[PDB]
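Read off the chains here:
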Amino acid sequence: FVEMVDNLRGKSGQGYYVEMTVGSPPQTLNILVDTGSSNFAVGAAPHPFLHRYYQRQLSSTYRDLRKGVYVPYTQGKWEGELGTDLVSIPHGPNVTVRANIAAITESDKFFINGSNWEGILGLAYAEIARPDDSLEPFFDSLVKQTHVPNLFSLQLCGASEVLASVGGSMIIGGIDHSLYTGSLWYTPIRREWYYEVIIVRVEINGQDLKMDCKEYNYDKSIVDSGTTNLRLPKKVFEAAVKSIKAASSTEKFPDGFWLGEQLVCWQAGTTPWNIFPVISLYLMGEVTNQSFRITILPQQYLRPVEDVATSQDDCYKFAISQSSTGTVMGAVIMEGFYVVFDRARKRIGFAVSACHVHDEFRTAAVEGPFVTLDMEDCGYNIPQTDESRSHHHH
Ligand SMILES: COC(=O)[C@H]1C[C@]2(CN1)C(=O)Nc1ccccc12
Ligand SMILES: [Zn+2]
């Protein structure tokens, strides 16, 4: 799959994007690769953060669906007009698909100044598409219209006046064995909406957090390429930070640091990595009572940021943060690993990435199996609203 290697780029903390074309003749746009959502949406009008945008009127193959769409996130929001057009991924499979496209006509706190992307490719499932689940997602249309296998894989890699450039690979339709070492371990997709998974155990430097495992997945756990941080439920975040602070206590950081609101620095090349612990997330295995662990380094959860001031220092941001909407395994987790979104088999694979950042004493790892007798249920059941209950599903 050599032509798809190195098909992702971006700026550290601002998203990985892939080049796509939309329309006839093809307009090129940089599109955020987001496994935490299910819409293909592109800037379609002027915005102070956009260099360029989709112009429906210049496309001979555009069809208007004469329907609007609205997507608020917590942080972030956009709206636009629905239609279809021809879409291709130049550094992807050699095919062209007719897909749904949301033409973003207005937004708030969505586009990111300097990120160099103009749209989003939601790679998750129809259930969480807007306005509803009859708007077929891009990947679904790709699979139905072409012979491309129902799987994609992501290798996200490497992280004074500008942020650092990052690179990665999105392999559509298969697995490229040059992008990983060792074994590939699979965790079930719990339900096809988000890429929901189940964490059964958490350790910080070998030490079990010893919480009821349902807390790890309160109110869900998901794999999301479009989120920078590892985000943890409030209770878990608190326990995690208490344990990391204890490991690192030779260094008394400001509160702002642990809130992700302040950098901490050392003289170039002198960062004391070994005072920061590894974090191990045990994921449910394909077999009853089995699990496997993925282990990340401080090199993953301390994000490097270059101080225009003291550019003579190596400075870092803490990239683990509190959530009220469940665990998010964001780019912090994914930069450790080659991650296989095996939709055909309702599972997510992890292996050690051939490009992850480490040192001479520790590595990110994927290891198993681990076995538990009479393993309880670690999944949470989100309270059912009357609104959601009333939906029909024909
Ligand atoms: C629940 O939707 C998700 O998790 C998606 C969408 C996402 C990150 N991943 C988000 O939340 N805001 C936002 C803003 C810009 C780009 C991507 C996103
Ligand atoms: Zn009905």
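- Structure determination for this entry, per the PDB record, employed X-ray crystallography and reached 1.800 Å resolution.

- For the protein, the name recorded in the PDB entry is Beta-secretase 1, with Homo sapiens as its organism.
- Here the PDB entry title reads "Crystal Structure of BACE with Compound 5".
- Per UniProt, the comment on the protein under Sequence similarities is "Belongs to the peptidase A1 family."

## Describing the coordination of the zinc ion (ligand 2)
- Around the zinc ion (ligand 2), the protein contributes the donor atoms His 392 (ND1) and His 394 (NE2), at 2.0 Å from the metal centre. Just as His 392 is exposed, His 394 falls in that class too.

## Some details on the nonpolar core
- Ranked by internal contacts, the top residues of the largest apolar core, which has 93 residues, are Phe 40, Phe 138, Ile 294, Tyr 301, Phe 318 and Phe 350.
- Broken down by element, the residue count for this core peaks at 5 residues, all from helix 2 (residues 234-247).
- There are two domains that each give this core at least three residues, and those are domain 1 (16-148) and domain 2 (149-394).
- Filtering out sequence-adjacent residues up to four positions away, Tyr 301 remains in contact with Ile 244, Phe 276, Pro 277, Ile 279, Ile 296, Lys 317, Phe 318, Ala 319, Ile 320 and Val 332.
- In this structure, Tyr 17, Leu 32, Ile 104 and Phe 110 belong to the second largest nonpolar core, which totals 15 residues.

## Details of the sheet that holds strand 18 (residues 290-296)
- Taken in spatial order, the 5 strands make up an open sheet running 13-12-17-18-25, and their pairing is antiparallel. Bordering the open sheet on either side are strand 13 (207-208) and strand 25 (365-371), each of which pairs with just one other strand.
- The pairing of strand 12 (residues 199-204) with strand 17 (residues 279-284) spans 5 bridges and is antiparallel. Residue pairing for strand 17: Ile 204 is matched across the bridge by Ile 279.

## Focus on helix 1 (residues 138-145)
- All buried positions along helix 1 are accounted for by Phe 138, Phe 139, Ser 141 and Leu 142. Buried residues of helix 1, seen end-on, are gathered within an arc of 160° and therefore sit on one face of the element.

## A short note on the UniProt feature "disulfide bond" in the protein
- Between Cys 213 and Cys 378, where UniProt places a disulfide bridge, the two sulfur atoms sit 2.0 Å from each other, close enough for the bridge to exist in this structure. A residue pair is termed long-range when its members are at least 10 positions apart, and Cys 213 in the loop between strand 13 and strand 14 (221-223) and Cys 378 in the loop between strand 25 and helix 6 (386-390) qualify at 165 residues. In this pair, the class of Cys 213 matches that of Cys 378, namely buried.
- Disulfide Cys 265/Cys 315 (UniProt): S-S 2.1 Å, present in this structure. Taken together, the positions of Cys 265 in strand 16 (residues 264-267) and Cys 315 in strand 20 (residues 313-318) put the pair 50 residues apart, joining distant regions of the chain.
- Residue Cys 315 is classed as buried on the basis of its relative accessible area, which comes to 3%.

## Here's the deal with the state of the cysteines
- The full count for this structure, using the stated rule, is 3 disulfides.
- The disulfide partner of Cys 213 is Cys 378, and the S-S distance across this bridge is 2.0 Å. In this structure, the disulfide formed by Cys 213 and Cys 378 twists by about -85° around the S-S bond and is classed as left-handed.
- The exposure class assigned to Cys 213 is buried, which follows from its relative accessible area of 6%.

Rules used in this analysis
- Residues numbered from 1 in each chain as written, not as in the entry; some residues may be left out.
- Chains lettered and ligands numbered in written order.
- Heavy atoms only, no water.
- Residues with missing side-chain atoms left out of burial classes, pairs and counts.
- UniProt positions renumbered as here; feature names shortened; annotations may be inferred.
- Donors = N, O, S within 2.8 Å, 3.2 Å for Na, K, Ca; no water.
- Buried < 20%, exposed > 50% of the residue type's maximum accessible area, 1.4 Å probe, protein only.
- Core = buried A, V, L, I, M, F, W, Y, C linked by side-chain atoms within 4.5 Å.
- Helix = DSSP H or I, 4+ residues; strand = E, 2+ residues; numbered from the N terminus.
- Domains from an automatic or database assignment.
- Contact = heavy atoms within 4.5 Å.
- Pairing = 2+ DSSP bridges.
- Arc of directions from axis to C-beta.
- Disulfide = S-S within 2.5 Å.

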